[PDB]
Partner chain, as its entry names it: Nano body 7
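For reference, the chain that follows is the form deposited without its partner chain, supplied as structure tokens.
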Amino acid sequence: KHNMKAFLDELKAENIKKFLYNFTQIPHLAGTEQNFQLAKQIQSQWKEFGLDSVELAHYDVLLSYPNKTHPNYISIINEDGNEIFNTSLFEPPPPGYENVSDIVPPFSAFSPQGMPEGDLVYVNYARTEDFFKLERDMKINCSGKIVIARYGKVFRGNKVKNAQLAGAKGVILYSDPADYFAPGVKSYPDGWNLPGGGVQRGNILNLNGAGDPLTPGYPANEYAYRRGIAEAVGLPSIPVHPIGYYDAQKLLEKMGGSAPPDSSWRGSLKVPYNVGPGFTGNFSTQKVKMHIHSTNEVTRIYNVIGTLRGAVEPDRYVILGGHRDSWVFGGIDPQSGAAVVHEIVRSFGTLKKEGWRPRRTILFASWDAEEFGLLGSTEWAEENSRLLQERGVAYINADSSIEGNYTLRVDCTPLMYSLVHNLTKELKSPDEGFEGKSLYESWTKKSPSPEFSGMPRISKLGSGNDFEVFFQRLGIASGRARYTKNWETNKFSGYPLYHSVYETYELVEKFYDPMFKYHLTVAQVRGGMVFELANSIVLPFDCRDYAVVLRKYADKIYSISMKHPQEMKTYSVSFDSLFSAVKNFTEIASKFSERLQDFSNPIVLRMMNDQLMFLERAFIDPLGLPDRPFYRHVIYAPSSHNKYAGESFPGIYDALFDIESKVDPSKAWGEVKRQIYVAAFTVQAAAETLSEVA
């Protein structure tokens, strides 16, 4: 029989291991020849595996690269202008790769060029609240200073945005062992910790969903009209560069001015973590100088797009996508995900060769230039937006399959919650101590829901990966799942060797997943979800789960507002319409669920499947969120303070945020009321898509 069990049994750990090895021998940086050759390899193999069509879709987008003959570095310079200390020009390469060429040195992609020299101020994680503490409580002025911030807690692009608005003239990012060195584990190559010479690469854009900075709204195809650089979307205006903790220690050890305001500002290095500005008395005349010579350049990128045509509903698309480009070898990010995708394609292709086809069309994607701003997935979605919005059922992402070996991590739309719970009850746990138990059981035990006993935690989607255009722009139900660690305060910081030259095949095979059993479990979750979405007669979405969360998010936003009871009285700020809409949604969803259970008629079925598919789409506002026109989902957007975190009712959240500091309270509360009206209207309109159609 050709059922889900046949699909799942065909998946093999040893194939995933072979593919991961094959994908991680040389760097695959976006826009380079090596990554184009990998794209051609994948296209060839997906054809062999049995897909109906496999094409490359290419775009010409703005990328950023260091200058190979003019390296980036930071100095401490004395009053004579002698550079008395320099940061490293490259990470020491790992064993057996000291002769690989084309390893890009650490840099912050899209940094402008410059050689700013100044006094340092230390800004902790450079979060919005860190800058509030500095400026409002400690009265420290960052204007004209170089800021130094530790990586962690929030997306680095938010750090740079915050530093810019504070008037910084440059930013130095570094990895503190407090956040990137787990106690009791050895540094790479002897364990999975970050060495003092290791450095985290990564872009520092603030694109807000735009895609290629030069072509917002439209695909960067051959005849595209491009904005000039000065009008490009999301580029930083000050130079930025990342360093490891050996180098950071040299920059921080001389720091003077104010003590850190409290212990949450101190990392694990043997330095005082003084905030500055500038160095202590003896070194008061030394300055820090950046030298950044990176260049932005329009460069061709390639997505691989494979199609397995549906037998019954070929005009309904279930998409499984993950990126192929890596900063260096990509042992975890992204090739641990790409190897899982490759084995899923292989498995579906095996069934196809035996005569089976899915009910709906499945599209498989190997995206390019994810690391430079989700460019490949966003350009392709801009090109195909009309097909996706009328035909897109679901998007399942597949970046890193593992970032630890403790338990499952899932973020998805509430419409997928029931699907995830049901699938994981049918899968075997790979965990020690849970042999013969379900993955649901182990996951629920290790990661309990904060609301409901006997259920696991599933989080909101944020951004920082390729599902963003599909979910936040186009309103296609999306999900993602991987294996993770037990390290809650580090849930947005990355694993220790994230985006470093040390993230290699050997890292994974020695320290994370020697038997490839966690990879295999993630392949069964991602693959199983795709199978059910593409094959279930009725789409496996439960609208009642959206009704439950909408009440939770309404209670939450109401509670934030109620911190300001006098203003709510003065400006007549009522959440009544929003609660009314949520109540109506709950009632209508309950009635729709009853009909869905209660109907041989394929028109009524498809009518009902269209109601299910277009429910996520109903939360899209075509006017977008304030000053973020490509974030259109009214219930969820990436947090304005941390692109990685999802925020619920973001329009109302941002209208309320720091409202006690706004100079015109009448205008600020007016905008809160406006966002409540938009949210109540959208929830009611989404509910009405589930009413009887006539």
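Numbering follows the first chain given and starts at 1.
If you look for the form solved in complex with its partner chain, you will not find it shown, but the lines that follow are about it.
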If we test each of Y273, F434, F579, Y512 for a heavy atom within 4.5 Å of its partner chain in the bound PDB entry, the one that passes is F579
Could you check which residue among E451, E354, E594, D137 gets a heavy atom within 4.5 Å of its partner chain in the bound PDB entry? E451
So, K485 and its partner chain: in the bound PDB entry, are they within 4.5 Å at any heavy atom pair? no
Contact between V154 and its partner chain in the bound PDB entry at 4.5 Å, heavy atoms? no
Please tell me whether any heavy atom belonging to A554 falls inside 4.5 Å of a heavy atom of its partner chain, as the geometry stands in the bound PDB entry. yes
In the bound PDB entry, is there a heavy atom of its partner chain that lies within 4.5 Å of any heavy atom of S263, even though the partner is absent here? no
Only one of these stretches, 439 to 447, 156 to 164, 561 to 569, 405 to 413, has heavy atoms within 4.5 Å of its partner chain in the bound PDB entry; which one is it? 561 to 569
Can you name the residues of 647 to 678 that have a heavy atom within 4.5 Å of its partner chain in the bound PDB entry? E660
